[PDB]
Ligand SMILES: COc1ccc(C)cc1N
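Given next, in structure tokens, is a single chain: the form deposited without 2-methoxy-5-methylaniline (ZZT).
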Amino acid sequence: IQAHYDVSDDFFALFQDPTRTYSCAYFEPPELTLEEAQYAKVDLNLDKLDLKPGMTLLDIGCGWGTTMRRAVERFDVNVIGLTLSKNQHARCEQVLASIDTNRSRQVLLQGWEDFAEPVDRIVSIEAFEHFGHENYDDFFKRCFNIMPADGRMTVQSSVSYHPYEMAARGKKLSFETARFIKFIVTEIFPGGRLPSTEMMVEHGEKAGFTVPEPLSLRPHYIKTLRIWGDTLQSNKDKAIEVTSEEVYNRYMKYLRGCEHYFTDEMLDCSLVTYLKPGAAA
């Protein structure tokens, strides 16, 4: 049943950029291409982490390996990536092995749950939606515990608003948004759950982290989703051929719907920074 909403890598290749990044890009400056903006998003995350040569960076949910490789290349760090996909695992291995570096590089097919080795810094870009609210305490506790005194982590995640906050916008739109969120979390990220930004901040605080004001990426996700959607739609027949009209329609619903709900400010995307007590200034 969870395996039903699994789709082949070749479908995603029909809307994503060459880096295969499956998360909000960063159009700064606005004229960047999707691919460029995916790299700008990687940098935006990594630049907040106080990475020094010879550190070990952990990528939780490392996808196809772009973040890790960019970190090795820019920061001359060791890396370790965690992924739940065997295909991502095999590709990441290739991406990592081909880097001209003496730094250590490792990809593991496992969750953060089973990861407990010392790392200096943590990046997690839109894996958090999969974890479920019941695991937030354990996630933050693990991330706090594996890092040294000056550790830092970024988590980037799509977020929703509490039903109470949504109600301020009127019942109609509020119930309609909740249904669409339920759809995201059934058919796009099965077993998933969108946090609110408050939940992201507060669980981090409870674990002991200092949490500055989160960065909103809402207009960047709008641009991202627009390009993703326009691109899927243009590759429609190729999409249907490799999957079905069903699966095509599902992702168009997702992509258009999210853009719509982002434009309406009924969804957000937060880049939250977590600083251990001894983190540098």
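Just count from 1 along the sequence shown to find any residue number. Shifts are known only where both forms have a C-alpha. Here the rigid core means the biggest group of C-alpha atoms that line up within 1.5 Å when the two forms are laid on top of each other.
Just so it is clear, the following notes concern the form solved in complex with 2-methoxy-5-methylaniline (ZZT), a form of the same protein that is not shown.
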Classify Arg103 as contacting or not contacting 2-methoxy-5-methylaniline (ZZT) in the entry with it bound by the rule of any non-hydrogen atom within 4.5 angstroms, answering yes or no.
no
Does any part of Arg20 reach within 4.5 Å of 2-methoxy-5-methylaniline (ZZT) in the entry with it bound? Heavy atoms only, please.
yes
Using 4.5 Å between non-hydrogen atoms, is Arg169 touching 2-methoxy-5-methylaniline (ZZT) in the entry with it bound?
no
Test of understanding: in the entry with it bound, would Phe128 fall inside 4.5 Å of 2-methoxy-5-methylaniline (ZZT) by heavy atoms?
yes
Where, among 182 to 190, 206 to 214, 143 to 151, 70 to 78, do residues come within 4.5 Å of 2-methoxy-5-methylaniline (ZZT) in the entry with it bound by heavy atom distance?
182 to 190
Heavy atom contacts to 2-methoxy-5-methylaniline (ZZT) in the entry with it bound at 4.5 Å, residues of 82 to 96 in sequence order:
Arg91
Counting only residues modelled in both forms, where do runs of 3+ with a CA shift of at least 2 Å appear between this form and the one not shown, relative to the core?
128 to 134
